[PDB]
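The chain below stands alone and is given in structure tokens; this is the form deposited in one PDB entry.
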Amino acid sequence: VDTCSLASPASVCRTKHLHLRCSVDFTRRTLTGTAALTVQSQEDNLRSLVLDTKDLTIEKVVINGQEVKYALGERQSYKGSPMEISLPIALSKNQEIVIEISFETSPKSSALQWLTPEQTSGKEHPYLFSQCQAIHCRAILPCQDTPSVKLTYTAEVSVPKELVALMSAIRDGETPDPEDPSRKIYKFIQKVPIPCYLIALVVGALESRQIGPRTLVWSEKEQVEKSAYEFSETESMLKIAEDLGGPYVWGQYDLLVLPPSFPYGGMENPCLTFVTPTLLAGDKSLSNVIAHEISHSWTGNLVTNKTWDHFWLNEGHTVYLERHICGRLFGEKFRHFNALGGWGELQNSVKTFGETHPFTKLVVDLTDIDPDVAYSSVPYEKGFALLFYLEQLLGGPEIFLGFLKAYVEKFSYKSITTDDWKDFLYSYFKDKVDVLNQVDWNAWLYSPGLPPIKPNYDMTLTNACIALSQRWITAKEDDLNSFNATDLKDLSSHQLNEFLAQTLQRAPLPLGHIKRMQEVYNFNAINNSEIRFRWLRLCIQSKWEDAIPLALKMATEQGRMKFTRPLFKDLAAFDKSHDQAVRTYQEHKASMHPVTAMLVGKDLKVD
């Protein structure tokens, strides 16, 4: 049962297709139009159906050219309001009908961020972007808002003529709007069935540059050149991913670099991956995010979790595939380094939630839980650790990659549960069932805390990070003069980041140690967002007042939640910055992404 949805389940009726015709009104901050759903009954004598909606204004519902009766139920907090539609004629099993809903979104839609010209790079045009994952598609249009249902889609999007619309689909032309010459209509087609959380829309002053045979990079003019260089390894990663997962079925693999308020590192929107501009390090060092989004074209987009309780299936396998891509490009020692780093992030999440917390379980129960509030590294890293443990138990990466490719082939275009995955794992590894029966399944899948077994990790690249972190932690005042810029000479950006993550795990350090670290390593000069974030957290947690304006500027000049949420929490925990953190959130709240504003508010205990 999908406990996050109020719609009729897949066992009652299934949406097969969506034909969306809408107009983006920047003056009213509304998306207005019609959502024509092709629905197939799964039952005899079907007379009504229920859809998910959230803050939607419904004008009318048309079936067979006539208006029908519908009713909106009472709002159920973050789930929204159920929409019951009375069918004009009873449907037989497998019968399909088209339901056309005339609707309008709220300016406060939790799926959307409306940006004024001043919040963009160009300063002349506004911008709009969506983020449906997990359950925000219902805040854009009426739908069965559940990943247990897969549908194809077509769309016609009217926008001011000076702007460009893009979707999670193949571009199908553009024409001037026949109703308004100041507007253009952009057309789109998504021929592969997808869960509704993969529907995405961006409208802005966008330009593109080709970077591969099947890839364009899109952004505002100011970011095009830097993005083309930053993401130049994309095609090489797509080739490795095809070798590991089988055919890439989506046609195009484009990238869109969003404005800084984009709330996540990326979004695996089919045909058009969305990315944070915080990846623009200048040296391609944050390209594992591209490898992760590319991987989702198999794990997540083809093989989807049936409900949000099984989200680890999506993430665990994606991180697993991501780490193999980076291991093929940079070596097996690099794959072990990234995997060991992941275990450390899992340790941090478990410590933050508490070792008995229900969100530290691999398979969760989201009944009455806002999925955005449950979001953490647990499904990613505890899911990756399980797969990495099984890889070692079952004979190594070559054998386990055979399972991964067979798993994708088996479940492509389907929505599955942990039991479907486990059953297939046992089926594929039938000759190793005795080995599989030694796994503590109940602990791995259903128990909170760190997993029952830690995998084996090559330490080659991690050793220097640990050694330097330990020198700093054990140093007394009279040892501070021994540190010098030469300590960092043989460290890659990845190793510098790991040195900071290891040190941050033992924070606070004495204030004098942090001041010396800035004196000798000049970490304040580093623009790499991952490094800068860990360094600023280390300064704030070590009570360095000089770091306060730096941490506030980072928390506000970008909005990636991975960075913004811990920076505001650390700034609120430091007595010297507490009031500034609260005031800064208060002044920026109206202008923040709606999900980010809600979560930062909860973290700060500011209503």
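The first residue of the sequence shown is number 1, and the count goes up from there.
One more form of this protein exists, namely the form solved in complex with a small molecule; it is left out here, but the text below deals with it.
In the bound PDB entry, at least one heavy atom of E179 sits within 4.5 Å of a heavy atom of the small molecule. At a distance threshold of 4.5 angstroms between non-hydrogen atoms, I514 is out of contact with the small molecule in the bound PDB entry. The small molecule in the bound PDB entry comes within 4.5 Å of no heavy atom belonging to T584. Proximity of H17 to the small molecule in the bound PDB entry: non-hydrogen atoms within 4.5 Å are absent; the residue sits far from the partner. Of the stretches 29 to 37, 536 to 544, 574 to 582, 49 to 57, only 29 to 37 has residues with a heavy atom within 4.5 Å of the small molecule in the bound PDB entry.
For the candidate set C196, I185, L404, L390, a heavy atom within 4.5 Å of the small molecule in the bound PDB entry is found for exactly one residue, namely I185. A heavy atom within 4.5 Å of the small molecule in the bound PDB entry is found for one listed residue only; from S158, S297, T234, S219, this is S158.
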